[PDB]
Amino acid sequence: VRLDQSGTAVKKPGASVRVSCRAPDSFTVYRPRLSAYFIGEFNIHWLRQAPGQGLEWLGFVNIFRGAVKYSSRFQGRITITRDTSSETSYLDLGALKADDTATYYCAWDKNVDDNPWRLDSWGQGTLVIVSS
Amino acid sequence: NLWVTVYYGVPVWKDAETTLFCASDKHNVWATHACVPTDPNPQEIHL
């Protein structure tokens, strides 16, 4: 599935950042027995990569009703929301620190029991720069 | 002499009309998903 992300953003310390991740025509599934387009139970994962560092997991949102799980390293200053109408996901990070400069990726998770935590498709990545 | 003997399963067929169900190997107009999954190896017998 194709993922589209918002452009580069530059912020000052203590500000707030919002990065958009759109997954067109992928929020809905067709349960044939029920004969309708229902919203599937997909998970959109949010990850960041510091310059030259490894990957780090931020949190993921369940498309069905917006269930969220947040990494304890970011609890209290991160909010991941999705809009089923626009098929977009929003990462709202607050109290940005100078070490948050990273490329933030949104990933698509089919949420299949047989294969857990499968981040099948990835966005192009968004550069977020924080400095004074 | 002779006597009547009944046989089961003889290869005898008559022309007839009957309902035929679908089988096939995104959602489509023909509802091919509703068709039963066909056998991967069809059986064909030469008469």
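Residues numbered from 1 in each chain as written, not as in the entry; some residues may be left out. Chains lettered and ligands numbered in written order. Part of a larger assembly, values for the part shown. Heavy atoms only, no water. Residues with missing side-chain atoms left out of burial classes, pairs and counts.

Method information in the entry identifies cryo-EM as the source of the structure, with 3.8 Å recorded as the resolution.

### Focus: the overall build of chain B
Scanning chain B from N- to C-terminus turns up 0 helices and 2 strands. Referenced to the eigenvectors of the C-alpha coordinate spread, the extents of chain B come out at roughly 70 × 25 × 15 Å. A total of about 5800 Å² of accessible surface is found on chain B, and carbon and sulfur atoms cover 59% of it. (Helix = DSSP H or I, 4+ residues; strand = E, 2+ residues; numbered from the N terminus. Areas by Shrake-Rupley, 256 points an atom, 1.4 Å probe, with all protein chains shown as cover.)

### Considerations on the state of the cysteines
One covalent bond between the sulfur atoms of two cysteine residues makes up a disulfide. What the rule picks out here adds up to 2 disulfides over all chains. Across a sulfur-sulfur distance of 2.0 Å, A:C21 and A:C106 are joined as a disulfide pair. Taking the sign of the torsion about the S-S bond as the criterion, the disulfide between A:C21 and A:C106, at about 70°, is right-handed. Of the two residues, A:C21 sits in strand 3 (residues 16–22) while A:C106 sits in strand 11 (residues 102–109), which places them 85 residues apart along the sequence. Residue class for A:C21 comes out buried when judged on its relative accessible area of 2%. Here B:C22 engages in a disulfide with B:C35; their sulfurs sit 2.0 Å apart. Looking down the S-S bond of the B:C22 and B:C35 bridge, the torsion is 75°, so its handedness is right-handed. With relative accessibility at 40%, the residue B:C22 sits in the partly exposed group. (Disulfide = S-S within 2.5 Å. Buried < 20%, exposed > 50% of the residue type's maximum accessible area, 1.4 Å probe, protein only.)

### Observations regarding the pattern of salt bridges
Proximity of charged atoms lets side chains of opposite charge pair with each other. Residue and element names in this part refer to chain A. All told, the structure shown has 5 salt bridges over all chains when counted by the stated rule. Of the charged contacts, one joins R18 and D92 as a salt bridge, the two residues approaching to 2.4 Å between their closest N and O atoms. You can see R18 sitting in strand 3 and its partner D92 sitting in strand 10 (residues 88–94), a full 74 residues away along the chain. Notably, a salt bridge pairs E56 with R48, separated by 4.0 Å at the nearest N-O pair. Residue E56 is classed as partly exposed on the basis of its relative accessible area of 34%. When salt bridges with common partners are traced through the structure, they connect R48, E56, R77 and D100 into a single cluster. (Salt bridge = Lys/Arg side-chain N within 4 Å of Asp/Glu carboxyl O.)

### Here's the deal with the pairing of strand 5 (residues 36–39) of chain A
All names here are of chain A. Here strand 4 (residues 28–31) pairs with strand 5 via 4 bridges, running antiparallel. Bridging across to strand 5, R31 finds its partner in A36. The turn linking strand 4 back onto strand 5 is made up of 4 residues, and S35 within it adopts a positive phi angle of 60°. (Pairing = 2+ DSSP bridges.)

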